[PDB]
Amino acid sequence: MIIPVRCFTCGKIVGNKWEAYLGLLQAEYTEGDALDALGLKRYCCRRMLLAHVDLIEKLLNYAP
Amino acid sequence: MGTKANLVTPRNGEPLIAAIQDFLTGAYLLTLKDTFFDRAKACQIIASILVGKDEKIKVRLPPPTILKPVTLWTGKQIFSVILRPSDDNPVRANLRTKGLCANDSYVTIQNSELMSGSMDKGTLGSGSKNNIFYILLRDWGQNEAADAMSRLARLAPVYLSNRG
Amino acid sequence: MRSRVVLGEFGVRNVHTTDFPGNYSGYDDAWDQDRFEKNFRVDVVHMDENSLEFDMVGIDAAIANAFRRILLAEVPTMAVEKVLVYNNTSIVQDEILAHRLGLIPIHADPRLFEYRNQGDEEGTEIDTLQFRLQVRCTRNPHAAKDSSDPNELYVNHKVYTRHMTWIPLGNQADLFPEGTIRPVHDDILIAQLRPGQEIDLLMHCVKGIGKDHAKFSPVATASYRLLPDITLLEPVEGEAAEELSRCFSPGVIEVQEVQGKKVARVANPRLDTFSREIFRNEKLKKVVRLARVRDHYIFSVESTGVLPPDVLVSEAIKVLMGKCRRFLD
Amino acid sequence: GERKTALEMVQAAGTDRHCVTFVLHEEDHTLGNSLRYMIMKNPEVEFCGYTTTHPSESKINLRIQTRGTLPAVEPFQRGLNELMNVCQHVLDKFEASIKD
Amino acid sequence: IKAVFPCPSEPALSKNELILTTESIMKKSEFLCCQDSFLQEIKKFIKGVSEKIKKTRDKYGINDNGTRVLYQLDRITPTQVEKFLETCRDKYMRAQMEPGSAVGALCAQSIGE
Amino acid sequence: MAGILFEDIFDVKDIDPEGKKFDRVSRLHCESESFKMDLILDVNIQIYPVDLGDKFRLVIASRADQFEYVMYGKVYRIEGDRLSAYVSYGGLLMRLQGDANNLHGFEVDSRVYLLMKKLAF
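Chains as they are written, first to last, in my numbering: chain A, 6 to 69; chain B, 7 to 170; chain C, 15 to 343; chain D, 23 to 122; chain E, 41 to 153; chain F, 24 to 144.
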């Protein structure tokens, strides 16, 4: 539902890096290059952002 | 039905207990004529016969089976390792062709060493007449088959974790 | 032969560190310092803020992997082990948030605390760096630009690790808490909040060791290379330089001349993360020979803000001292 | 202070100190194989023998087995002290290189 | 019995006749057979025929092959054949069902599964 | 350690290295240039350059000691049809095949208890 703070098989910290892509997907790099200007040089964190579904927004659309 | 039920069935006459899987290929790879080992690879020995409960006698350190510029331990008598209650055995006729044809058959085990050959499901698993049972259940009795299977179960599949 | 690993197209040979006294008829080093403290040295590479790299020269595999394994999860650091609950109104909760926070790196040195035996709050005297998290979200009250972004109609719509205000236990108040107590990162999305929700917690920052639950790792990059030393035999001087500069990684092999054909031999044989196409030119692979060498176990450690990587590697190499001489009496 | 750790096991010792299985309690591969390394590196030992027998990694039954004459405490401590010297000299050469 | 070697013996007398003498001590040594029986006499003579053909093969080998390691000594010794017959008696008298034996359900599931 | 009593000189016939992935496991066929006898060695091939090598002055025992292989285990001894052994090394067979003109060295537990040899020559 939310962003794993750690790359399940790497260790690197991640949760700090989702409100940059939603500001670096509108500078409009290719996803593969929004995830090179922030540090992710392995498999792991590339999964942990490319693959994740921010159900946070849509769920909170009607939380109460 | 605890020690005689497991290994011998009257419905078929064939063992039920056997290296299910990778024990087969791990032990095979041990037996492969390639694999040359180290005295430093007395490590993997010691989950088998220098090992968990009910096996900690010594082991006779099978001799240095090369004395070249480079001493080395062949892969077979690292399989054929135990040094409590010495025994004797024999086998033959693995799953390959006939003639010294890059030999993966007529293993010809003598009295607990490993002369030639390389194992298989029909020479280390649920075969019929050549096994670690019908050569170590009949001659020599029970209690020496349920304790060579364990030295395999901890010897071979903790070799793959060093080969992949 | 004797510490030259080889990288055949099918499998890696020469890999057991087969040099022990009485396992080679050359000579094997009844091993210690004089032959070992002369060959040893620790170069340094790039040193920087949370990433460190260096090239130990003369170890063998066992002590090097001992370092690796100790840096990962056999070194202690400051991270949450418990979360007290006060009005957790928010969305998904109580074990992810608990564990989210459990995963936030607090930045207190793990050499001025001790372990935690069964005490008052399980213990409240030395260890409990206690963190207070009082985040409230509501409606930004001046939004005549109706129906806009969440960033403009809400107020602290998210819960970053900048709302983690520190609580003082009279113990610590004067030594650490001048500003070196906050979590490393002041931006982590712990849980979004929509109008009418709050969170309030207490964060029992116990000591711990990585084996317990790896949220105590300080390090991320504790895994490494040996060092490649890729040879050449009577080279392929000329235009083949194009091939033996696109097969290997982009900086690895120079391409210098054409008249002096000179497929320009090794330029930087440490930048190559072994793509290994070179066995599939089928006309070159029988020239190059690949060899990662057994001396230089090039390290590259990176932290998670808790400590500078130098502090982490020094702590690991001293915890090995502790382990080795705790069985030596 | 190794009273509840080094539970040696010479019982049917063929050589006087033969089946000397230091059952190192609360232990992993980390020290285990480094020790195993240094021990195996003396021309009087034949097993460094380190093999964690349990599922859970706490009891590394290092079954050193010397060439018969010696005890096995003598190598054990030679190796532990040798690893002391090695790691301390490594730190000495290392932290004096951070000045680079 | 190959794998437990009683070294002292050699080919001097063409042991085929010595093998027949061991067949005689055989003929004596399981005519003390009998117990819950009808399981050994029915095969005792075929045992004898089998060792007789073994002796014939040994004769052919010791003649042609030897026509000096004594042709590997062509191992066979009186001790080996005595141990051989003792093992034969052991397994023949051990594989004896009734007494026992609970033969029914075993066959039932044998034909079933 | 040498109750040998071989004293040979040798050369070689044919490699067969497609068998074992260790090229340093390959079927030597060397026939005796002492009399005629053949030996299926399984050398850890390193420096044998002729079609299978060089001088093989095998001194098969029980001198600068270049002389390498020994297993200390179990054997097989056919009579052949040509008395013949199979000197296994737990993976390195050596079928000595010849006559009784050669000296002793045998037992059926001891024709693995054997030394070997390379150049000193």
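The C-beta atom is built at its ideal place from N, Cα and C for all residues, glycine as well.
Item, Value
"For chain B, find out if any of its Cβ atoms is closer than 8 Å to the Cβ of residue 145 (chain F); answer yes or no.", "Any property of residue 145 (chain F) remains undetermined from this structure, which presents chain F solely from 24 to 144."
"If we count the other Cβ atoms within 10 Å of its Cβ and call it buried at 16 or more, is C107 (chain B) buried or exposed?", "exposed"
"Classify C147 (chain E) as buried or exposed, calling it buried when 16 or more other Cβ atoms lie within 10 Å of its own Cβ.", "exposed"
"Would you mind giving the Cβ-Cβ distance between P35 (chain C) and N64 (chain D), rounded to the nearest angstrom? I have them listed as a contact below 8 Å.", "7 Å"
"So for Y34 (chain B), helix, strand or coil by DSSP?", "helix"
"Say whether chain E places a C-beta atom closer than 8 Å to the C-beta of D61 (chain F).", "no"
"Against chain C, with Cβ distances strictly below 8 Å, would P77 (chain D) count as a contact?", "no"
"Given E329 (chain C), which residues of its chain have a CB within under 7 Å of its CB, disregarding the five upstream and five downstream residues?", "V89"
"Could you compute how far the alpha carbon of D160 (chain C) sits from the alpha carbon of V149 (chain C)?", "24 Å"
"Indicate whether the contact test is met: 3 or more Cβ pairs, each with one atom in the region 112-132 of chain C and one in the region 87-103 of chain C, closer than 8 Å.", "yes"
"Return the chain-ordered list of same chain residues with a C-beta closer than 7 Å to the C-beta of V73 (chain F), the five sequence neighbours on each side being excluded.", "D34 and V35"
"Do you know how far the Cα of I141 (chain B) is from the Cα of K135 (chain B)?", "8 Å"
"In chain order, what residues of the same chain have a beta carbon less than 6 Å from the beta carbon of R47 (chain F), not counting five sequence neighbours either side?", "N67 and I68"
"For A25 (chain F), which of F:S55, F:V93 and F:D39 has the nearest alpha-carbon?", "F:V93"
"Expressed to the nearest angstrom, what Euclidean distance is found between the alpha-carbon atoms of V67 (chain D) and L89 (chain B)?", "18 Å"
"Quick one: residues in its chain with C-beta nearer than 8 Å to the C-beta of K10 (chain B), no 5 flanking neighbours on either side, listed in chain order?", "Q148"
"Taking its Cβ as the centre, do 16 or more other Cβ atoms sit within 10 Å of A135 (chain E), making it buried, or is it exposed?", "exposed"
"Quick check on DSSP: helix, strand or coil for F45 (chain E)?", "coil"
"Please list, in chain order, the chain B residues whose beta carbon lies closer than 7 Å to that of residue 19 (chain F).", "The structure shown does not extend to residue 19 (chain F), since chain F is modelled only from 24 through 144, so no value can be given for it."
"Do you know offhand how far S111 (chain F)'s Cα is from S124 (chain B)'s?", "13 Å"
"Under 8 Å between C-beta atoms, does residue 10 (chain C) make it to chain B?", "Residue 10 (chain C) falls outside the range modelled here, since chain C spans only 15 to 343, and no answer is possible."
"CB-CB under 6 Å to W23 (chain A), same chain, minus the five flanking residues each way: which ones, in chain order?", "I8"
"May I have the straight-line CA-CA distance separating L85 (chain C) from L84 (chain D), to the nearest angstrom?", "23 Å"
"So who's on the other strand from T43 (chain D), going by DSSP bridges?", "D:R85"
"Which residues bound the alpha helix (DSSP H) around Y100 (chain C)?", "From DSSP, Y100 (chain C) is part of no alpha helix (DSSP H) but of the beta strand (DSSP E) over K96 to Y100."
"Check the DSSP bridge columns for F313 (chain C) and list the partner residues they point to.", "C:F68"
"Is there a Cβ of chain E sitting closer than 8 Å to that of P69 (chain B), yes or no?", "no"
"Evaluate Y100 (chain E) with the Cβ neighbour count: other Cβ atoms within 10 Å of its Cβ, from every protein chain shown; 16 or more gives buried, anything less gives exposed.", "exposed"
"Are the beta-carbon atoms of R176 (chain C) and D214 (chain C) separated by less than 8 Å?", "no"
"Using a Cβ-Cβ distance under 8 Å, would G90 (chain D) count as near chain B?", "no"
"Closer than 6 Å by C-beta to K141 (chain F): which residues in its own chain qualify, once you throw out the five before and the five after it? Chain order, please.", "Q89"
"Leaving out five residues before and five after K299 (chain C) in sequence, what residues of the same chain have Cβ atoms less than 8 Å from its Cβ?", "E23, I292 and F293"
"At a CB-CB cut-off below 9 Å, which residues of chain E make contact with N95 (chain B)?", "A43"
"Whose C-alpha, out of B:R45, B:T15 and B:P91, is nearest the C-alpha of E61 (chain B)?", "B:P91"
"By the three-class DSSP mapping on this structure, what secondary structure does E117 (chain D) have?", "helix"
"Look at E316 (chain C) and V198 (chain C) and say whether their C-beta atoms are less than 8 Å apart.", "no"
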